[PDB]
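Novice: Just dropping this structure here.
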Amino acid sequence: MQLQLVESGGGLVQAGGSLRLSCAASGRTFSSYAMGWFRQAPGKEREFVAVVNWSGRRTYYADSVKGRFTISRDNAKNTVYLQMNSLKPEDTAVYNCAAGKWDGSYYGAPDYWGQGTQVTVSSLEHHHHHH
């Protein structure tokens, strides 16, 4: 059998806003795996955004999204969540949940990967203030 990841909770929100993401995990026991959120859309491949172990014992964050992103997961209810806070206009991308063996090598080739959840962050900070 395979590990089925179903991404959801994707939507549009303004720059400086926040959005909660979801991921329904089925197939293989994700409690035997570590899963990470990767993204792509503006000239991008699946880039390291965040990674979490099933326990929540280890959380890893990329400098682009660090301090303002957080991962969570209910192992009993088999559902993962991604708390996006203070979304910069650059974060407009489809986020794919990708699980398997985490090693150390930064060559981003996962064992399992999902469909992808399209999130948008409304650009233009707008504040001219004064000239």
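So you can find residues: chains in the structure tokens are A, B, ... in the order shown, residues in each start at 1, and ligands are numbered from 1 in order.
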Determine, counting only C-alpha atoms, which protein, DNA and RNA residues have an atom within 12 Å of an atom of residue 96 in chain A; residues of the same chain fewer than 5 positions away are not included. Present the result as a ChimeraX atom specification.
Specialist: /A:4-8,10,21-23,35-41,45-51,82,110,112-119
Novice: As an MDAnalysis selection string, please: all residues of chain A that backbone DSSP puts in strand (DSSP E).
Specialist: chainID A and resid 3:8 12:14 18:27 34:40 47:53 59:61 69:74 79:85 93:100 112:113 117:122
Novice: Mind checking which residues fall within 8 Å of residue 13 in chain A, counting only C-alpha atoms, ignoring those fewer than 4 positions away in the same chain, and posting them as a list in words?
Specialist: residues 17, 18, 19, 120, 121 and 122 of chain A
Novice: So that I have them on file, write out the residues from the current selection with N, CA and C atoms, as a CSV table (one decimal), in the first residue's frame.
Specialist:
```csv
chain,number,residue,atom,x,y,z
A,17,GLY,N,-1.7,39.0,6.7
A,17,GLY,CA,-2.8,38.1,7.2
A,17,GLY,C,-2.3,36.7,7.6
A,18,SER,N,-3.3,35.8,7.8
A,18,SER,CA,-3.0,34.4,8.3
A,18,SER,C,-4.1,33.5,7.7
A,19,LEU,N,-3.7,32.2,7.6
A,19,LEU,CA,-4.5,31.1,7.0
A,19,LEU,C,-4.1,29.8,7.6
A,120,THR,N,-3.2,31.6,-1.9
A,120,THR,CA,-2.9,32.9,-2.5
A,120,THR,C,-2.8,33.9,-1.4
A,121,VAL,N,-1.8,34.8,-1.5
A,121,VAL,CA,-1.7,36.0,-0.6
A,121,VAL,C,-1.7,37.3,-1.5
A,122,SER,N,-2.8,38.0,-1.3
A,122,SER,CA,-3.1,39.3,-2.0
A,122,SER,C,-1.9,40.3,-1.8
```
Novice: Nearest to residue 71 in chain A: which of A:34, A:12, A:93, A:87 is it, counting only C-alpha atoms?
Specialist: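 Once distances to residue 71 in chain A are computed over only C-alpha atoms, the minimum belongs to A:34.
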Novice: Which residue, A:14, A:75, A:92, A:64, has the smallest gap to residue 33 in chain A when you use only C-alpha atoms?
Specialist: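 Result for the nearest residue to residue 33 in chain A: A:75.
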